[PDB]
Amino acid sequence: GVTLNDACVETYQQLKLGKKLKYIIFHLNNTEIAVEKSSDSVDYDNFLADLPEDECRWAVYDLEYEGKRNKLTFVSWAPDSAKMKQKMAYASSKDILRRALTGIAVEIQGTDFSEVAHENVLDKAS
């Protein structure tokens, strides 16, 4: 049913290799997983703004914390107010995308904004 776009791994590799990207938002177009967007923004609140409050997404975030450490963080965004048909589709396609991304250090399943808040994500990242 569902096919992975080549641009997903490519953009992730770009995030992973050198400093042009801080996060990536993935989404279903349904038939293909695709990059909804990329960002160079260091501001964690810009990331939170791109998680739509009533829709599911996946994301990767290059999480920095305290020298300092970095961890590539996969986020399944599945907010309560999103439609169940959408939640079921993302749930059944997740692993396709997740398996293709090499070197993910932490995973987050988020059902409300407090579960993806920076402090909560930093907490889980140690």
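We number the residues from 1 along the sequence you see.
**Student:** Residues without coordinates, deposited sequence, stretch from residue 80 to residue 81: is the count none, 1 to 3, 4 to 9, or 10 or more?
**Tutor:** The entry has no unmodelled residues between residue 80 and residue 81.
**Student:** Unmodelled stretch from the deposited sequence between residue 41 and residue 42, which bin: none, 1 to 3, 4 to 9, 10 or more?
**Tutor:** In the record, the chain runs straight from residue 41 to residue 42 with none unmodelled.
**Student:** Can you let me know which of the two, 56 to 64 or 81 to 89, has the higher average C-alpha B-factor in the entry?
**Tutor:** The entry gives the higher C-alpha B-factor average to 81 to 89.
**Student:** In terms of recorded Cα temperature factor, pick the maximum from 17, 25, 116, 21.
**Tutor:** Spelled out: the listed residue with the top C-alpha B-factor is 17.
**Student:** Taking the values exactly as deposited, rank residue 45 by C-alpha B-factor within its chain and report the matching third: lowest, middle or highest.
**Tutor:** Ranked within chain, residue 45 CA B lands in the middle tercile.
**Student:** Can you work out whether the C-alpha temperature factor of residue 98 puts it in the lowest, middle or highest third of the chain?
**Tutor:** Middle third by C-alpha B-factor.
**Student:** Residue 69's Cα B-factor: lowest, middle or highest third of the chain?
**Tutor:** It falls in the top third of the chain.
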